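Participant: Here the authors' numbering runs 2 ahead of the position in the sequence shown, where the first position is 1.
Cβ atoms here follow ideal geometry from the backbone N, Cα and C, with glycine treated the same way.
Take this structure, written in structure tokens, and hold onto it; I'll ask about it next.
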Amino acid sequence: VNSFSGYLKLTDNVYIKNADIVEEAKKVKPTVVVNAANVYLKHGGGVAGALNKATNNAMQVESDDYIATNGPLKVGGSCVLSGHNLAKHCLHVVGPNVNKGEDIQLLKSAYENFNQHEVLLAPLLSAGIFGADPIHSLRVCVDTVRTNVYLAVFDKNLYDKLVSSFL
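Written as structure tokens, this is what we have:
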């Protein structure tokens, strides 16, 4: 049992809710919140900009030190950093950005990072400003993630379409 509330069950391990991931994280304080990161951990917009703002820029400060030490992530890769006031940990995962021409096959590799964590609160990878089709992202999530994932979908119209088209 966990405290995630109001989710629709899609499969044995995938759950979905129309919710603002920042507010969800503040309420639940999950062990892991996933960020829709880029390879430079520059949290400018989308989910990343929102999560970072909620940490009062502490996420960005930590991230800049991470990059200075380790260099950029890979597309499809991840790193675990602090969850600050949102979660115990933040799993920064880089899905491909279609607006950069990045190969959508890397979306599966990106979701594989979730399997290193028994429970996650997450957005749909590569959706939003990353340019991929969110229906496709949900399909890859369902077909790749085996651990328990609680998906927060920002946009209500999209949430309803994701549910109503789910196979």
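(1) Along the alpha helix (DSSP H) that carries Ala50, what are the first and last residues, could you check?
(2) Output needed for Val155: all residues of its chain with C-beta closer than 6 Å, excluding positions within five of it in sequence on either side, in chain order.
(3) Going by the C-beta, is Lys90 closer than 8 Å to any heavy atom of the ligand FMN?
(4) Here's the rule I'm using: 16 or more other beta-carbon atoms within 10 Å means buried, otherwise exposed. How should residue 2 be labelled?
(5) Could you give the DSSP three-state label for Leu164: helix, strand or coil?
(6) Residue ranges of each beta strand (DSSP E) run of no fewer than 3 residues wholly in the segment 63-100, ordered along the chain?
(7) Between which two residues does the alpha helix (DSSP H) holding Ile18 run?
(8) Mapping DSSP to helix, strand and coil, what is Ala60?
Facilitator: Reading it off the structure:
(1) One-based indexing of the sequence shown puts residue 50 at position 48. Taken as a continuous stretch (DSSP letters only), the alpha helix (DSSP H) holding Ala50 covers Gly48 to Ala56.
(2) Counting from one through the sequence shown, the residue named residue 155 turns up at place 153. Closer than 6 Å at the Cβ level, and outside the excluded window around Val155, lie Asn20 and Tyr161.
(3) By its list of ligands, the structure shown contains no ligand whatsoever, and the ligand FMN lies outside what it can speak to.
(4) Only positions 3 to 169 of the chain appear in this structure, which leaves residue 2 out of reach.
(5) Translated into positions along the sequence shown, residue 164 becomes position 162. Under the three-state reduction of DSSP, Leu164 is assigned to helix.
(6) Counting only runs of 3 or more, we get 80-84 and 91-95.
(7) Numbered from its first residue, the sequence shown carries residue 18 at position 16. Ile18 -> not in any alpha helix (DSSP H); beta strand (DSSP E) instead, spanning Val16 to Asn20.
(8) For the purposes of this step, residue 60 is taken as residue 58 along the sequence shown, with counting starting at 1. Looking at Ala60 - three-state DSSP - the assignment turns out to be helix.
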